[PDB]
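Only one chain comes next, encoded as structure tokens, the form deposited in one PDB entry.
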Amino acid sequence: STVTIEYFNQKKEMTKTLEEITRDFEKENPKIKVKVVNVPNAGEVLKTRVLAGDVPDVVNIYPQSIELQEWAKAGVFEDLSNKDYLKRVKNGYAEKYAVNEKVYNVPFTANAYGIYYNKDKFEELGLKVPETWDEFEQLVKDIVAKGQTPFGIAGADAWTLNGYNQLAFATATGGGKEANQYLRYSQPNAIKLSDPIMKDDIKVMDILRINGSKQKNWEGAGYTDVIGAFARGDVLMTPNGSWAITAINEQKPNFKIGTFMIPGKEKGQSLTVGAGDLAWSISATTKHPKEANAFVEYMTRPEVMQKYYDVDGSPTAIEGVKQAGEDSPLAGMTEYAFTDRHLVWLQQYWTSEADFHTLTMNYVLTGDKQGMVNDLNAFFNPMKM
């Protein structure tokens, strides 16, 4: 009378560690087994299963998503508000994604977005982390003229740049609420190529188009390709999120990594963006409800969470977990974690995000401003009614 449950993982960089933590939990609960299910196109495979009443027992679902918000409200996930382990979460970080004042997702860690950069290279080239858009332009051009490739872009994998272009409007208007007031809660067809906002977005994106700025053959490079380039010193920087660090450390790079926040028009305006990263919610219809809380309770134990945080490094929201000094790789992208400088993903209030990813990458692969401005309105007009 052993009972198997599914945990529906969407965090791929971290599968080998999550499988280990799972074996340690099956070893201490010898009457429980746990399927770790990592599928392709998880976002969608999960959307199918949920409409079809087949929700996996524990699900890794990102807590700012519409899907979560909708499904929470339609009773698909258990109310966790009045669980004990939930007390081990801090920064009122469960309640930052409450739905009708009820918590439905334990957000263990929270991700962030920024540029990764080779510290050793930058040292060798007399170059410094940038603090204005202008300095950042001039950075990229200074690397080109010193014979090296500034950026590794994953031109097949449009999502890697979602956080970038968000941060572009974000720093461009003052923050998240303001960006969405520009893009989303404005009139239909509002977004024009002439808006000063729109002109800054394009200034910030255009940094990724500076002549000589991307690696040979980037247009078909994926995540892992770019991760390999950065790791080898083939490229000096890559815009991406805290989740990549694990994959970057795997390839055993021969230089110390830094990160930085994408900057504003002026000094001190920089931002990062992100939300719960390792974040779990429990089926309201799981056949085995007690086992599912046992898995989740386990993940909150600070000595278990340390095993995970030691491989992944995204900053964590659980009590008792030694965080790293400011000499960490992620030190500069996650400095401001859990402050009013860590915006929640803009797509919180959107109906989807694929078409945003796409139009971002398309601009970097085409350079077409009116086309991108048009594409922005084509994406947001369905939402404004």
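Each form is matched to the other, and the largest set of C-alpha atoms that superpose within 1.5 Å is called the rigid core. Start at 1 with the first residue shown and count on from there.
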Give the stretch, out of 147 to 155 and 249 to 257, with the larger mean C-alpha temperature factor in the deposited entry. 249 to 257
So which stretch wins on mean C-alpha B-factor, 285 to 293 or 100 to 108? 285 to 293
Largest Cα B-factor, entry values, listed residues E123, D225, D206, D277: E123
In terms of recorded Cα temperature factor, pick the maximum from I61, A42, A317, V344. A42
Splitting the chain's C-alpha B-factors into thirds, which one does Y113 fall into? lowest
Among the chain's modelled residues, which third holds the C-alpha B-factor of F77? middle
Ranked against its chain, the third holding the CA B-factor of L359: lowest
B-factor third for the C-alpha atom of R232 within its chain: middle
CA B-factor ranking of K87, expressed as a third of its chain: highest
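The form deposited in another entry is left out here; the points below concern that form.
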Is the shift of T286 between the shown form and the other one large enough to count as movement, that is, does its C-alpha move by 2 Å or more after the core is superposed? yes
On a rigid core superposition, would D375 pass a 2 Å threshold for CA movement between the shown form and the other one? no
